[PDB]
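Chain residues, written in single-letter form:
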Protein chains: 6
Amino acid sequence: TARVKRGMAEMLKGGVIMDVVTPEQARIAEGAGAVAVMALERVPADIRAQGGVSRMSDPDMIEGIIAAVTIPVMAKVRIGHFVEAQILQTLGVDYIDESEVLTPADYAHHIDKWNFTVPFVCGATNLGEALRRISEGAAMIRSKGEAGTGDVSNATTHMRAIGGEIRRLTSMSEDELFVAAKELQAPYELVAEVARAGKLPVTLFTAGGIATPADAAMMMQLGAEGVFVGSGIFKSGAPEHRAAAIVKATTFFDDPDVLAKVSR
Amino acid sequence: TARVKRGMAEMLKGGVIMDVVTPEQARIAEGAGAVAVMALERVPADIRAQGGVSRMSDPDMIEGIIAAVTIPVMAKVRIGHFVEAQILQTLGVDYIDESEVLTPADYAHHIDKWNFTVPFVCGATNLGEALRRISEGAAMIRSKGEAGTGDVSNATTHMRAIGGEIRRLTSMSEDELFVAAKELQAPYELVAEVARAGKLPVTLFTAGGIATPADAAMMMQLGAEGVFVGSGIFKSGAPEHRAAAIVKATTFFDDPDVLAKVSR
Amino acid sequence: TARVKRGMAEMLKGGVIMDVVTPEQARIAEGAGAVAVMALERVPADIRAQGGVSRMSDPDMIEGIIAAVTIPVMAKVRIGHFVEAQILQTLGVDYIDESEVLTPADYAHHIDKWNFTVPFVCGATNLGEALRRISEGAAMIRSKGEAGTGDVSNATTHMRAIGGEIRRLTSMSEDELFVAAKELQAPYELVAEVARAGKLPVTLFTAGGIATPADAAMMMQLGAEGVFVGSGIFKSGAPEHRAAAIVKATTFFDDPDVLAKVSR
Amino acid sequence: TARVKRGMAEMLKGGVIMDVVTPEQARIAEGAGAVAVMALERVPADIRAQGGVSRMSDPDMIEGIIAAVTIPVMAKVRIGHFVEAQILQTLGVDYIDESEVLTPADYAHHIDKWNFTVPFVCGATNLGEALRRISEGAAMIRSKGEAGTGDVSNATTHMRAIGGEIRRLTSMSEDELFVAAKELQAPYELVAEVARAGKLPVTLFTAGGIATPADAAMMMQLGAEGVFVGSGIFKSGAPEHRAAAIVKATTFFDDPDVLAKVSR
Amino acid sequence: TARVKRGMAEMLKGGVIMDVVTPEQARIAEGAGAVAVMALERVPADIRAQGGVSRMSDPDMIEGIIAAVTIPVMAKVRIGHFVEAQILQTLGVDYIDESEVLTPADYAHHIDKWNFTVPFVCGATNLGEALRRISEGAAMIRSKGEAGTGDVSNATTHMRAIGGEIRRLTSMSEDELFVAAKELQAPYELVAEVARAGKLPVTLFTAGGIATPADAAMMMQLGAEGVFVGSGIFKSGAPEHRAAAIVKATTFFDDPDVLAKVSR
Amino acid sequence: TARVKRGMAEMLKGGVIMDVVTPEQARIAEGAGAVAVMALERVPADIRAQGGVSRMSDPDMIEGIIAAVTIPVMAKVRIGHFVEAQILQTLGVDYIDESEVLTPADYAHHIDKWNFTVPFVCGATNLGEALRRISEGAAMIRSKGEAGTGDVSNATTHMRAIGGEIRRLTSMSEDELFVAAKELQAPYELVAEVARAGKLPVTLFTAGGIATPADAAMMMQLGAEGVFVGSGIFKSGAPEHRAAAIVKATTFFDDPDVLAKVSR
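Residues numbered from 1 in each chain as written, not as in the entry; some residues may be left out. Chains lettered and ligands numbered in written order. Part of a larger assembly, values for the part shown. Heavy atoms only, no water.

Per the PDB record, the structure was determined using X-ray crystallography to 1.8000 Å resolution.

Structural notes on the side chain of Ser 153 of chain C
Here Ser 153 of chain C lies in helix α6 (residues 153–171). What makes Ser 153 of chain C buried here is its relative accessible area of 12%. Residue contacts for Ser 153 of chain C: discarding those within four places in its chain leaves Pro 104, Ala 105 and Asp 106 of chain E. (Helix = DSSP H or I, 4+ residues; strand = E, 2+ residues; numbered from the N terminus. Buried < 20%, exposed > 50% of the residue type's maximum accessible area, 1.4 Å probe, protein only. Contact = heavy atoms within 4.5 Å.)

Considerations on the relation of the copies chain D and chain A
Mapping chain D onto chain A calls for a screw motion: a turn of 60° about the axis and a shift of 0.2 Å along it, with 0.2 Å RMSD after fitting. The symmetry that links the two subunits is that of a six-fold axis. (Least-squares fit on C-alpha atoms.)

Here we look at unusual backbone geometry
Residues and elements named next belong to chain A. A positive phi angle is found at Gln 185, which is not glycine, with a value near 50°. For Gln 185, the location among the structural elements is in the loop between α7 (177–184) and α8 (188–197). Among the residues examined, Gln 185 registers a relative accessible area of 37% and is labelled partly exposed.

Comments concerning the sheet that holds strand β5 (residues 120–124) of chain E
Residue and element names in this part refer to chain E. Read across the sheet, 8 strands follow the order β7-β6-β5-β4-β3-β2-β1-β8 without closing on themselves; strand pairing throughout is parallel. A single partner strand is all that each edge strand has here, and the edge strands are β7 (203–205) and β8 (227–229). Across the sheet, the axes of successive neighbouring strands diverge by a mean angle of 30°, strand direction being ignored. Across 3 bridges, strand β1 (residues 16–20) lies against β8 in parallel orientation. Looking at β8, one finds that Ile 17 is bridged to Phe 228. Contacts from helix α10 (residues 239–251) reach β1 and β8, with the element oriented near 155° to β1. (Pairing = 2+ DSSP bridges. Axes fitted to C-alpha atoms, helices over the stretch in contact; angles between N-to-C directions.)

Digging into the packing of aromatic side chains
A full pass over the atoms with the stated rule returns 18 aromatic pairs over all chains. An angle of 15° between the planes, with centres 4.4 Å apart, marks the rings of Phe 178 of chain A and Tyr 188 of chain A as stacked. Of this pair, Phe 178 of chain A sits in helix α7 while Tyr 188 of chain A sits in helix α8, and the two are 10 residues apart along the sequence. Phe 178 of chain A sits in the buried class, given a relative accessible area of 10%. The exposure class of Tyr 188 of chain A is buried, given its relative accessible area of 17%. Judged by centre distance (5.9 Å) and plane angle (70°), the rings of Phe 205 of chain B and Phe 228 of chain B are edge-to-face. Residue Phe 205 of chain B is located in strand β7 (residues 203–205), and its partner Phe 228 of chain B is located in strand β8 (residues 227–229); the two are separated by 23 residues in the primary sequence. (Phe/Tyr/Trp six-rings, centres within 6.5 Å; stacked < 30°, edge-to-face > 60°.)

Following this line, the structure appears as structure tokens:
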């Protein structure tokens, strides 16, 4: 077996991770039944319009979130910014998200995630990319979707791309898997393990553009093991109600009466 | 004999389906002699005008329309958004429109409409596209026209393209129908059936850009079995009159005296 | 339940079909354990070297072969030459091969094989092509390989293309099969049946460029259900022995000690 | 033994050089533990936003900075402006930065830095460029990064380019170093010395787009021997504290608990 | 550690492998001090001019070579021809060469060499290709050079390419090895092992275009662990003398007096 | 002061070097007043005419020439063939010509000529190329001209290009010499030295296409310090006369009366 950071997100499966910019938002998230919160200073929707350089959040801000909840807290670093990660790891965040939402710090190389104890979430749009993040030590993959737009279509494409390629490897003649690893630009040892197992070596969540309960449930029905949702869930008026509806739609994704009720 | 959801819109034939954003618009529609209404929260003229993501309407908004009228009520979902459709089916709408007017949720795949009891309406611009929608389970086909523009010319092109290709199949040498299905990118079984019957396997209506009584009757004379019209009708000032004019034009499409009178 | 000429080559499965140009060859083929013979006047390697138009063989020549053997006799027609096929059918050939080795008679359209009682074999290089031949009534598919060169590599390609795409359909998400049929340019009903069954709807044999016992056994191990071989078998040395060696290799395709002995 | 101005920045190694626009900034820089200050009239972020030609600063302004601090003072000249450099040298600056932040005065040729006593710093984005600056007499190389944007990613690129090519030369087969010098467009004698020593011939610092303590420490961990930082340090809040935090981060670049505390 | 067929060619290191087409050539090879012979029916020089399809040799011919010597005997299969390999393995050859000299049988896929007990030699022109052959189970790599031309220049390029990339990985920053594996289109686990070890995971020989003692010794001085030479060594008049000279030049490759003596 | 193998051909200056394929040609050459001979087994006119690979000559053939004359003997190796050079050095040739007339053994790298005691001659067509050869250890530079054609015009272009660029450096502003070395792709130290001395760092001779006495004296008047001529001289009929004419033309290159007489 290939070297993979396995089983590091079991408690998050079936759950929603919510972006939160205040300890008040964090408590609303936890009371709604979120499995984790993502601490950030500035939103993907405001990053998308305002546009400075976006970096790791202030450690005081992230501590203020940690102090407010008992569920796990994640926070973001810029791609390739292994010192921002060294800092986050000493704060005691439960996960680091090496995130394309922030301004990349390295255009070529991601963080060598084997240099850390803390588990990392990384983004992917296709199975090759997911496997390259996992080869570098990622303990969870999420789709990139399109961050801060509310448009679920890119997340649909990512989840169908990753899941469609896993399915194609499972039924593939074994002698063609070497060329498949070359075409995926992924390590053969992980390609062969996905062909045998029919699963990504780590848990796969959806992120990017999930706006409604119907969206979240659709991403679950496409193979997602859990979902990330943005702070718009707070910015829109009955925040307890909206957060709770997405949690229930993720848990009971296959029940259309539930989805109708929580969508009202 | 190929698999098609046949005969699911017999009561709509010869009629007008009107978009409605309020129970009052719904009552005016039904008073004017509409055969069904299409519930939606914001219109194709405001979608084209504002943008942002357009999704399935709030289920309470739709239920308000169902409570206001006796005639069938339709509502829209995003292309490929099978969970928006799961939700609508439990609401008890009579038809679901898998609609290119909303923001697509899946840029590659449409909903597998065989997984539903409720019938779907899908758009097409040519016969190959109509047949692929039917192959997926569509129960009615409409033209896409150009939504919310009041320009009927796209709808004319769609109706002539679909009708023109049906005609071409009817007189085609039978041995050439295999290559015709390949050039149409459509299932041979449905191509062969169109070639024998001279008809689309399900009802064909016109939508997109129907502004006047003359537009509506022209689409009927080009082979439409009914028409969809936008809420433009209610934006116009004496809405009971505009709505009733379009209904009479569609019933009496072959009578130039009636068409002159209702355009006055 | 799709329309297909099923189960018309049960007696040939596992066997070798040999091209024969004289009644004496046909006798050697049959005493060597061939399952059928392909009667032809001029060989694919002769057509490939010399110019000229290549057509259906003289009916007297084909009748000379029918009278010489008890096993089934096949013979070729040009693609799209439905009258060549009407003539062969009345001769009482067991199969007609609509063959790209001859000069095509119709560059656009194949024979509508539903107009015949006699079964057809057609060539394919990929699954979409195979399914379009079956949709026209073919009762058996063979690879095109590269005929009369003795280079098995094109056959390897075709066999891997066809079997690789069948495998990909079997694990594909059901809702993606409609787009898959559009990309394969094949009828959905045949595509969905391949996805459910894991097999082509009719028997699949290899042809083209099979020169040695190792080639024949390699094609069986790639999923071929039988092989066609050229009259080169006759053209060299002790023909009884070379033909028996290919029949044995195809029968015992998984036994390397048998394959080593017959390769001497 | 190649001709190089070696060992002219021994006292700056490990330290931070801060841009200063007034004697008060220069005092805060020095009390914060900066190793040197870069005297300039108008900042890289001001040059980047407003138009105009940017030249050597007024000698009175530079003299005001020299009189205010005990640590070394550097100041800038336009590329190729050897007379700007003659003037600065007589002012008694400790270093002259031949800087791509100013408007170049010669688009083809850099200053022949051998004509001067005072040492020069020059920018580089890759090892070949660094070696060509050293060949012209530069006593120190810094990355160009992307000046006045706060985005560290260009600096990451330059630091990885330079250090990656030094590493590649150290393990290269000796007989290939002649072609390597031709591909780098650098003098062979300097290339061969880099291959033998594993180090650039002069001190290498990072500059451009370093905004936070994490950035500064990341550049040291990529091999920088010191960092330049912009006057943004002053521009925000408690300047004594922000400047001390960068000096501490650069000093203790490998200590994540120190880096976490100074990031608050 | 990655899965590699290690240590399977220890007795060949420092040695020459000679192509032989007769048991007489085989005995001359062995008496000259060859470590192994390569049994073939037809020469790369005659394949290059004559040009039929080139396949596995007759098993009788290969047995006749095995019977003639005590040193190991190798023989060739076409690329991707895993049945020709199944046959060779039962003959008891000591190595199979999956060879580009023969007509490939599969344009896309090589043999899955893990399906065999017998070790395989495969060709490579660069480190990525070598690692992909080893990932598939190869137990030895040789350069491709340019077969049957007597021109050593392509072998020079291959050996400098493979050896130059191994050197570049050894000094590379560890965090850049993930991207290096992507650029090499090679499994990360083998790229990381070459970076750590500074050696290919299996032995590396030169082949292709070695004509003289000076050529052989040059390929050894470029990192080759042994050499393959073609049957031209026999076709040129004092075959005992020529074969012996190449053996000595390979063994004593670093002694120019030896190389002068054996070149006379 | 840059590293160059200086002063190694002082005894050849003012002279002619003649290609010889036999001890008899060597004696005629030396009788005619040649300053050295170039031993080779087959000529540039027969290489151009036949092709196949051209290598270092048989060491016995070379030793035969060394035994036949008192004057220095050169011999050729393939570009990059450092082991052919190792062999020649032990033979005791006075110079090795790393020659583009033979088939290159390395298409990227030339021999590292510093690893030898024996001096090398290398070809150039421009000053940048001459300097790179010298950087590698060449002790003499010749033009490539166009070998074995009898057309002097390539040699004229080479001599004018090398001499013209030396002249251009001599009067160039010193600050522009850095960019000149970059545009020449040559080491700054050797460029600077040429700019100060107005001379190539080692002797420059002309070769390639010198057919008549007038050609030889023209190349001397273009700055050649000596000439190489092909064995064409001996192919001509009264070889003692043709050889002596070219020698006298090269000694007396500035005397039109002598040039007229020896051309008669």
